[PDB]
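[1] Sequence first, structure after, both from an experimental entry:
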2 protein chains.
Amino acid sequence: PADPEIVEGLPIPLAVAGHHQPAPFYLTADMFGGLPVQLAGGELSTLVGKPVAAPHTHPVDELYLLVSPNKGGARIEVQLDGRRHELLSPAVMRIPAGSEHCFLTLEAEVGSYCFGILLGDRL
Amino acid sequence: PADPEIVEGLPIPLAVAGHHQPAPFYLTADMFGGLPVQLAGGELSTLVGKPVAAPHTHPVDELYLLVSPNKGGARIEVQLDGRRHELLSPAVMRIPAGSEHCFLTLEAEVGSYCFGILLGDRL
Ligand SMILES: [Zn+2]
Ligand SMILES: [Zn+2]
Ligand SMILES: [Zn+2]
Ligand SMILES: [Zn+2]
Ligand SMILES: [Zn+2]
Ligand SMILES: [Zn+2]
Ligand SMILES: [Zn+2]
Ligand SMILES: [Zn+2]
Ligand SMILES: [Zn+2]
Ligand SMILES: [Zn+2]
């Protein structure tokens, strides 16, 4: 009675470099016979001033997606190779493969989310 | 002074089959020199009982991602080739390429989102 086209055992918490608890995945490479992308992230309202990770890298390009119910309802700082960037929702930022990076939530309302879309099947 | 690694002109409303207004995209194939995926969707709190589209298809597989701040805070119906499925957040559903499909929001709190991750660069 589990439906093979629906996954409900989410998020999938994976150990990731630079983190101090597992990172929450919603798409993993082993889903549905093999996916070409992975997707991690979560809701930001309890993360204001609380970084999930030190600077870390992936071997594939990644895209950050920042959304919130109200325009401007979430703001994150993203460090990229030591250069500070800032995103106000809605926003998309490219994180080049091998770039040392991390994010810090500066502002978030209920329903603010950041997701990282990893353009490949490897971490 | 625009930073080529950050897009803030979002969502990108594209005309899509079966819809009656443009669909909101956050990742489009023409971003950052060419992406291998696209991503559309949005916040569900004002969509309860209000379907965005009739049944429609894509030429690539798609993954629905349904999230909300509280476990169980959003519920959608997804029609797939005329068979009803239902998702309670958090959930992921595979939509096979060419499958006629659409969704209906049955329940949503502030901060409920559904996104469709299109596993290819064509609509
Ligand atoms: Zn089924
Ligand atoms: Zn992380
Ligand atoms: Zn922590
Ligand atoms: Zn990353
Ligand atoms: Zn990360
Ligand atoms: Zn820059
Ligand atoms: Zn749509
Ligand atoms: Zn409408
Ligand atoms: Zn679709
Ligand atoms: Zn659709």
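    Received the coordinates, thanks. Numbering: from 1, shown residues only, chains lettered A, B, ... in the order given. Ligands and ions are numbered 1, 2, ... in the order given.
[2] Return the residues in contact with residue A:15.
    Counting by Cβ atoms under 8 Å, 6 or more residues apart in numbering or on different chains, residue A:15 touches A:22-23. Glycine gets a C-beta too; all of them are placed from N, C-alpha and C.
[3] what's next to the helix or strand hosting residue A:103, contact-wise?
    Per DSSP states H and E: residue A:103 is located in strand A:101-108. Identification of contacts with strand A:101-108 by Cβ under 8 Å, 6+ apart yields A:18, A:44-45, A:47-57, A:64, A:68, A:73-81, A:86, A:95, A:112, A:114.
[4] Return the residues in contact with the residue of chain A found nearest ligand 7.
    Taking Cβ to the ion, ligand 7 has its nearest neighbour within chain A at residue A:67, 15.8 Å off. Applying Cβ under 8 Å, 6+ apart to residue A:67 gives the contacts A:74, A:89-90, A:112-113, B:26, B:43, B:113.
[5] for it, which residues make a bridge with it?
    Under DSSP bridges, the beta-bridge partners of residue A:67 are residue A:113.
[6] filter the contacts of strand A:101-108 by proximity to ligand 2?
    By Cβ under 5 Å from the ion, the members of these lying near ligand 2 are residue A:52.
[7] State the distance from residue A:108 to residue A:78.
    As judged by Cβ to Cβ, to the nearest Å, residue A:108 and residue A:78 stand 14 Å apart.
[8] ok so, going back, which of the contacts of strand A:101-108 fall in strands?
    Counted as lying in strands by DSSP state E, out of the contacts of strand A:101-108, are A:64, A:74-80, A:86, A:95, A:114.
[9] Name the member of those that has the highest neighbour count.
    residue A:74 (29 neighbours; other Cβ atoms under 10 Å in any protein chain shown).
[10] excluding its backbone neighbours, what's nearest it?
    Spatially, and ignoring its direct neighbours in sequence, residue A:74 is nearest to residue A:112 (3.6 Å; Cβ to Cβ, 6 or more residues apart in numbering or on different chains).
[11] for the one you found, what are its contacts?
    Contact analysis of residue A:112 by Cβ under 8 Å, 6+ apart lists A:43-45, A:66-69, A:73-74, A:89, A:105, B:111.
[12] For these, could you give me CSV that also reports distance to residue B:5?
    Converted to CSV, the contacts of residue A:112 look like this (distance: Cβ to Cβ, whole Å):
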residue, distance to residue B:5
A:43, 24
A:44, 21
A:45, 26
A:66, 14
A:67, 18
A:68, 21
A:69, 25
A:73, 22
A:74, 18
A:89, 17
A:105, 20
B:111, 27
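[13] closest to ligand 9 among the residues you listed?
    Nearest to ligand 9 among the contacts of residue A:112 is residue A:67, at 18.4 Å by Cβ to the ion.
[14] Write out the residues of chain A neighbouring ligand 4.
    Neighbours of ligand 4 within chain A, by Cβ under 5 Å from the ion: A:62, A:116.
[15] can you count the residues close to the residue in chain A positioned nearest to ligand 2?
    Per Cβ to the ion, residue A:23 is where chain A lies closest to ligand 2, at 4.0 Å. Residues near residue A:23, counting by other Cβ under 10 Å, number 21.
[16] which residues does it form a beta bridge with?
    Beta-bridge partners, per DSSP bridges, of residue A:23: residue A:14.
[17] What's the separation between it and residue B:28?
    Here the criterion is Cβ to Cβ. By it, residue A:23 lies 26 Å from residue B:28.
[18] Ok, residue A:49 next?
    33 Å.
[19] Among these two, which residue is more densely surrounded?
    Neighbour count, other Cβ under 10 Å: between residue A:49 and residue B:28, residue B:28 has more, with 21 against 9.
[20] Tell me which residues touch the nearest residue to residue A:69 once chain neighbours are set aside, please.
    Leaving aside its sequence neighbours, residue A:69 sits nearest to residue A:111 (Cβ to Cβ, 6+ apart; 4.5 Å). By Cβ under 8 Å, 6+ apart, the contact set of residue A:111 is A:43, A:45, A:68-69, A:73, B:43, B:69, B:110-113.
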